[PDB]
Amino acid sequence: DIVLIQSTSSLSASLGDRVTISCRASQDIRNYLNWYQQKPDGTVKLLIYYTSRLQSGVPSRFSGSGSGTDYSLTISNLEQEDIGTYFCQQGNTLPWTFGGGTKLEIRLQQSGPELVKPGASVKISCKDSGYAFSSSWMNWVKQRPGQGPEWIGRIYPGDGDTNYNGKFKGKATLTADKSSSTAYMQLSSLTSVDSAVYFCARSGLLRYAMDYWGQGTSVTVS
């Protein structure tokens, strides 16, 4: 599996400062590198895809560069709304993998939180109001505090096709219901390591770029 490293895990700067965050891959990822921004409230948005393309709506102060194994994201002049944690993600080879994240500071409808007993199981949902639910891939991502997110797998509701990250094949079961435009993920035999926030994130135009995100579901093992 490809490993992504963000050598700076935390950085503080001043408003107006130029900021540049690095992402290094263990092997050539052929520019299939995306950047996500997670606000302090936990919401996630795709900011840059395919190394340098800005998602619609993203301010021009954001830019991405790189090639081979070395990539970077730059904010030309920092604004308050840019505070949060940035994660790079490669889309060259499955399973998709993310960097550990870089927290920056100033110097889809998912189901509710669940509290589970050790060894129990949970089944969380993600409803898509978009018309392309049945013709898009619904991905699921795990995020533990301060850890690099992990891509769990994906399902194509159109025909039920699934792809799992080997690490989660015995842990997660993905299903979907086209009639209600809802995707589900069942997590089995939960351990303390399974306590995390789980996100559903859709991809379609670019399979390796998740352009629509749910707000996340916090699963806690007691």
Side-chain angles (χ1 to χ4, degrees), residues 1 34 36-39 41-46 49 55 85 87 89-91 93-98 101 108-145 147-222:
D1 294 355
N34 308 319
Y36 301 89
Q37 159 162 39
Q38 178 172 51
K39 306 292 183 177
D41 71 359
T43 57
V44 178
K45 302 193 188 318
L46 170 64
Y49 59 93
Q55 182 69 2
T85 305
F87 302 89
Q89 171 250 320
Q90 65 82 25
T93 311
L94 288 167
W96 304 147
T97 49
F98 296 76
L108 300 180
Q109 174 60 52
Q110 291 188 67
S111 46
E114 294 196 41
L115 178 59
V116 195
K117 296 179 183 178
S121 299
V122 300
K123 185 175 180 181
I124 64 181
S125 63
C126 167
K127 181 177 174 62
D128 186 359
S129 67
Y131 59 77
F133 177 71
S134 66
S135 59
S136 304
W137 286 94
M138 190 56 78
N139 302 269
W140 292 82
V141 175
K142 172 182 182 178
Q143 177 178 46
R144 298 256 294 169
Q147 293 293 302
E150 304 182 275
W151 177 79
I152 297 170
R154 62 185 187 194
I155 185 168
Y156 187 74
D159 66 353
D161 188 16
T162 55
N163 284 292
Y164 292 89
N165 176 337
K167 175 173 178 172
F168 295 89
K169 188 154 190 171
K171 178 66 59 172
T173 301
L174 308 181
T175 54
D177 189 341
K178 285 184 288 184
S179 67
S180 64
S181 292
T182 302
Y184 301 90
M185 175 166 70
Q186 184 165 325
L187 297 172
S188 58
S189 216
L190 299 188
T191 77
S192 56
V193 175
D194 295 314
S195 294
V197 174
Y198 295 87
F199 296 87
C200 55
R202 211 186 69 178
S203 64
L205 173 61
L206 306 176
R207 291 187 193 180
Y208 77 83
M210 291 158 274
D211 43 30
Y212 291 85
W213 289 68
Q215 81 275 27
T217 295
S218 182
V219 174
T220 56
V221 180
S222 58

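Residue numbers run from 1 in the order of the sequence given.
Remark: side-chain polar atoms of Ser111 are paired, donor with acceptor, to backbone N or O of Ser125 under 3.5 angstrom. Put simply, the side chain of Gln55 never gets that close to the backbone of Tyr49: no donor and acceptor are under 3.5 Å apart. The closest donor-acceptor contact from the side chain of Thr217 to the backbone of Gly112 lies at 3.5 Å or more, if one exists at all.
Interatomic distance, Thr173 OG1 to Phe168 CZ, rounded to the nearest 0.5 Å: 13.0 Å.
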Could you go through residues 148-160 and list every donor-acceptor pair under 3.5 Å that involves a side-chain atom there, pairing it with any protein atom two or more places apart or in another chain?
{"unit_1": "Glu150", "atom_1": "OE2", "unit_2": "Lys167", "atom_2": "NZ", "d": "2.6"}
{"unit_1": "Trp151", "atom_1": "NE1", "unit_2": "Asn139", "atom_2": "OD1", "d": "3.0"}
{"unit_1": "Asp159", "atom_1": "OD1", "unit_2": "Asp161", "atom_2": "N", "d": "3.1"}

Using atom types as modelled, flag every donor-acceptor pair under 3.5 Å from a side chain in residues 182-190 to any protein atom, sequence neighbours excluded.
{"unit_1": "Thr182", "atom_1": "OG1", "unit_2": "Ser180", "atom_2": "O", "d": "2.9"}
{"unit_1": "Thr182", "atom_1": "OG1", "unit_2": "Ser180", "atom_2": "OG", "d": "3.3"}
{"unit_1": "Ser188", "atom_1": "OG", "unit_2": "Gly170", "atom_2": "O", "d": "3.4"}
{"unit_1": "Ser188", "atom_1": "OG", "unit_2": "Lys171", "atom_2": "O", "d": "3.4"}

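Contact of the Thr220 side chain with the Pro113 side chain is not registered, since no non-hydrogen atoms from C-beta on lie closer than 4.5 Å. Residues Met138 and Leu108 form a side-chain contact, since some pair of their non-hydrogen atoms from C-beta on lies under 4.5 Å apart. Side-chain contact between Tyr164 and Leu174 is present, with heavy atoms from C-beta onward closer than 4.5 Å. By the 4.5 Å heavy-atom criterion applied to side chains, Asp194 and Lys142 are counted as neighbours. Contact of the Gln143 side chain with the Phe98 side chain is not registered, since no non-hydrogen atoms from C-beta on lie closer than 4.5 Å. Between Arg207 and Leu94, every side-chain heavy-atom pair lies at or beyond the 4.5 Å cut-off.
Scanning all heavy atoms of the two residues, the minimum distance from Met210 to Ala201 falls at CB-CB, 3.7 Å. Considering every non-hydrogen atom in both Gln110 and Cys200, the closest pair reads NE2-N, 3.2 Å. Smallest separation of non-hydrogen atoms from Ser203 and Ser136: O-CB, 3.5 Å. Minimum heavy-atom separation, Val221 to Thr191: CG2-O, 3.3 Å. In terms of heavy atoms, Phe133 sits closest to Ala176 at CZ-CB, 4.2 Å.
Residue-environment remark: NZ (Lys45) stays at or below the threshold of 12 foreign heavy atoms within 6.0 Å. Residue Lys169 places its NZ atom among 12 or fewer non-hydrogen atoms of other residues, nucleotides or ligands, all under 6.0 Å distant.
Every residue was checked against the salt bridge (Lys or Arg N to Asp or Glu O under 4.0 Å) condition with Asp211, not counting sequence neighbours, and none meets it. The side chain to side chain donor-acceptor pair (under 3.5 Å) test applied to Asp177 returns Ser179, not counting sequence neighbours.
Evaluation of the ring-ring contact (aromatic ring centres under 6.0 Å, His included) test over residues 197-222, restricted to residues two or more places apart or in two chains, returns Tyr32-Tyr208, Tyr36-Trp213, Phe199-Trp213. Contacts classified as side-chain hydrogen bond (donor to acceptor under 3.5 Å, both in side chains) and involving residues 113-123 (residues at least two apart or in different chains) are not found.
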> Are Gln38 and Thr85 close enough, and set up right, to give a side chain to side chain donor-acceptor pair (under 3.5 Å), and what steps lead you there?
Replying inline: CA-CA 5 Å; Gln38 178 172 51; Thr85 305; 5.1 Å; no
